[PDB]
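Novice: Below you'll find the structure I mean.
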Amino acid sequence: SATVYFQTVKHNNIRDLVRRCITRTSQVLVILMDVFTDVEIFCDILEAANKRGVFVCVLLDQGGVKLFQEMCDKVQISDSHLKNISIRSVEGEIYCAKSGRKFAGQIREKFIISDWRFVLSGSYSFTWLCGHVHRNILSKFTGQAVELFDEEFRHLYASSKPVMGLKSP
Amino acid sequence: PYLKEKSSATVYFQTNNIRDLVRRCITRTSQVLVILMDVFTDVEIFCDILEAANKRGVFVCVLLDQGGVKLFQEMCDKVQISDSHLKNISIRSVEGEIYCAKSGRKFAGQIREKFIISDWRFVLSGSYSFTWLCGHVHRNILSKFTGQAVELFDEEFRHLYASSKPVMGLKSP
């Protein structure tokens, strides 16, 4: 099945659906992200990983790695934090900037797979702005749709470089 | 048309097949084309819209995020778009809720929602923006919806449409 959620004006249901997806995950949580600076969502990851048994693997677009490391450093994330967490860098195809410098195309895909049961996917980025001021769309997917997301994750994973945490999913 | 069909969903991943789907969706629209967009600077996509609008009977309404009207306008001016181009095209401005920047200045939240409704038959939604970069270097996702699901996009459009300001072109439905 497939469901689509639109942001309500009064309250941010989009954020809540993401946080609920993470806080309710039992065993496995794989995430494809472009930007990750929102401390709170990472706290929901830490909780699932260290307070529950959840194995977390975050494929982050190479562009956001820097500000993500700054987030971690700010709240003093440790290797011990990441006993069950794996953050890997991933990047799009190589191209020439106008300066002649070679850059990596941005991974704009964003989705969350919980317990290999259902998938969340939409425009919501793990930033404070997305979860407070921006109007996003969000889609939920179950059944056969989850597989095409799985193969996407595996595909991207193979091309991914390790950044921090578990170096062996 | 969607109102008669059962609900369905399909997801597309990058192989540029995503752009093709987007363009193919526009070039195969027959009567009506509703679009919600955040950034519109790709002349080629706007040219596909001109074709559908003026060479076919297609009425095109585009809800563009206020934060992108500027560069959309520069695009039009660059290729010298006139009022005559837009006899059947309606570009309107829509903006998110109001909030305070750190500078104290009030700004409108961005509508990061991006979708296209073609002939009230099927919806394309995803990360693909109408910019050159998206169509050439970025990796996007694109989902297609048909049937009863489309209604939630229709209602979402109408909600946003009621909020929109006229910017350019035909000021009507």
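By order in the structure tokens, chains are A, B, ...; within a chain, residues start at 1; ligands start at 1, following the order shown.
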Dump as a list in words the residues of chain B that approach chain A to within 6 Å, counting only C-alpha atoms.

Specialist: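 Applying the cut-off to the listed atoms yields residues 109, 110, 111, 112, 113, 137, 138, 139, 140 and 141 of chain B.
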
Novice: Can you pull out every residue within 10 Å of residue 41 in chain B, counting only C-alpha atoms, but drop anything in the same chain fewer than 6 positions away, and send it as a PyMOL selection string?

Specialist: chain B and resi 68-76+129-133

Novice: Let's have the selection written as a compact mmCIF listing (two decimals), in the first residue's frame, with N, CA and C atoms.

Specialist:
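Here's the written file out12.txt:
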# COMPACT_ATOMS: atom_id res chain seq x y z
N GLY B 68 11.15 31.76 -5.26
CA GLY B 68 11.70 31.41 -6.55
C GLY B 68 11.07 32.17 -7.70
N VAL B 69 10.16 33.08 -7.40
CA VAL B 69 9.52 33.87 -8.44
C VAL B 69 10.55 34.75 -9.15
N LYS B 70 11.51 35.25 -8.38
CA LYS B 70 12.55 36.14 -8.91
C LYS B 70 13.35 35.51 -10.04
N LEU B 71 13.94 34.34 -9.79
CA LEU B 71 14.78 33.70 -10.79
C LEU B 71 13.94 33.15 -11.93
N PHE B 72 12.68 32.82 -11.64
CA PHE B 72 11.74 32.42 -12.69
C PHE B 72 11.47 33.59 -13.64
N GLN B 73 11.36 34.79 -13.07
CA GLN B 73 11.12 36.00 -13.84
C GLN B 73 12.32 36.33 -14.74
N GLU B 74 13.53 36.21 -14.18
CA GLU B 74 14.76 36.44 -14.95
C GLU B 74 14.84 35.46 -16.12
N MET B 75 14.46 34.21 -15.87
CA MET B 75 14.42 33.22 -16.94
C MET B 75 13.50 33.68 -18.07
N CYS B 76 12.28 34.06 -17.72
CA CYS B 76 11.31 34.51 -18.71
C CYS B 76 11.85 35.68 -19.51
N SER B 129 13.24 19.18 -9.08
CA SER B 129 12.89 20.58 -9.27
C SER B 129 13.17 20.99 -10.70
N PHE B 130 12.49 22.03 -11.16
CA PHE B 130 12.67 22.52 -12.52
C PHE B 130 13.92 23.40 -12.65
N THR B 131 15.08 22.78 -12.46
CA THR B 131 16.36 23.46 -12.61
C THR B 131 17.27 22.61 -13.45
N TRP B 132 18.24 23.25 -14.09
CA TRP B 132 19.20 22.55 -14.91
C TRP B 132 19.92 21.48 -14.09
N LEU B 133 20.42 21.86 -12.92
CA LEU B 133 21.15 20.94 -12.06
C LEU B 133 20.38 19.64 -11.81

Novice: Taking the DSSP secondary structure from the backbone, can you list the residues of chain B that are strand (DSSP E or B), as number ranges by chain?

Specialist: B: 8-13, 32-37, 40, 59-65, 89-94, 98-100, 106-108, 111, 115-118, 122-126, 130, 139, 141-146, 165-169

Novice: Please extract the residues of range 12-171 of chain B with a backbone DSSP assignment of alpha helix (DSSP H) and present them as an NGL selection string.

Specialist: :B and (17-27 or 43-50 or 69-78 or 150-161)

Novice: Give me the residues within 7 Å of range 147-152 of chain B as a PyMOL selection string, counting only C-alpha atoms and dropping any in the same chain fewer than 6 places off.

Specialist: chain B and resi 2-8+122-123

Novice: Output the selection as a JSON list (two decimals), in the first residue's frame - C-alpha atoms for each residue.

Specialist:
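part-v2.json, written as the output of this step:
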[["chain", "number", "residue", "atom", "x", "y", "z"],
["B", 2, "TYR", "CA", -8.90, 9.52, -11.28],
["B", 3, "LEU", "CA", -12.21, 9.61, -9.43],
["B", 4, "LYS", "CA", -13.27, 6.47, -11.33],
["B", 5, "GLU", "CA", -10.02, 4.53, -10.86],
["B", 6, "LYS", "CA", -8.71, 2.49, -7.93],
["B", 7, "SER", "CA", -5.78, 3.90, -5.94],
["B", 8, "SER", "CA", -2.22, 3.05, -7.05],
["B", 122, "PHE", "CA", -2.18, 10.80, -12.55],
["B", 123, "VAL", "CA", 0.21, 12.61, -10.20]]

Novice: As a ChimeraX atom specification, please: the residues near range 153-168 of chain B (cut-off 7 Å, only C-alpha atoms, same-chain neighbours under 2 positions excluded).

Specialist: /B:90-94,150-151,170-171

Novice: Enter the distance from CA of residue 49 in chain B to CA of residue 33 in chain B, in Å, rounded to one decimal.

Specialist: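 Between CA of residue 49 in chain B and CA of residue 33 in chain B the gap works out to 9.0 Å.
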
Novice: When distances are computed from only C-alpha atoms, which of A:60, A:164, A:41, A:112 shows the smallest separation from residue 19 in chain A?

Specialist: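 Under the stated criterion, the closest residue is A:41.
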
Novice: Within 7 Å of range 67-82 of chain A, counting only C-alpha atoms, which residues show up once you throw out same-chain ones fewer than 2 positions away? Write them as a ChimeraX atom specification, please.

Specialist: /A:36-37,39,64-65,84-86,165-166

Novice: Quick one: distance from CA of residue 62 in chain B to CA of residue 82 in chain B in Å, one decimal?

Specialist: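 CA of residue 82 in chain B lies 16.5 Å from CA of residue 62 in chain B.
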
Novice: Near residue 29 in chain B, within 8 Å and counting only C-alpha atoms, which residues show up once chain neighbours fewer than 4 positions away are dropped, as a PyMOL selection string?

Specialist: chain B and resi 25+33+52+58+118-119

Novice: As a PyMOL selection string, please: the residues near residue 20 in chain A (cut-off 12 Å, only C-alpha atoms, same-chain neighbours under 4 positions excluded).

Specialist: chain A and resi 13-16+24-26+41+44-45+48+112+114+120

Novice: Please write the residues from the selection above to a file, keeping C-alpha atoms, as a JSON list (two decimals), in the first residue's frame.

Specialist:
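To be explicit, this is the file written out as again18.json:
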[["chain", "number", "residue", "atom", "x", "y", "z"],
["A", 13, "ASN", "CA", 2.42, 16.29, 11.60],
["A", 14, "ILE", "CA", 5.19, 15.60, 9.09],
["A", 15, "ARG", "CA", 7.86, 15.86, 11.78],
["A", 16, "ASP", "CA", 5.80, 13.74, 14.17],
["A", 24, "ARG", "CA", 8.61, 2.78, 17.10],
["A", 25, "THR", "CA", 11.27, 0.91, 15.11],
["A", 26, "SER", "CA", 12.03, -2.42, 16.76],
["A", 41, "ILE", "CA", 16.22, 13.56, 15.34],
["A", 44, "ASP", "CA", 15.78, 9.72, 18.51],
["A", 45, "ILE", "CA", 18.39, 7.64, 16.66],
["A", 48, "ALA", "CA", 16.68, 3.59, 19.41],
["A", 112, "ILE", "CA", 13.48, 5.98, 5.96],
["A", 114, "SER", "CA", 11.90, 0.84, 9.53],
["A", 120, "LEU", "CA", 8.80, 6.87, 4.71]]
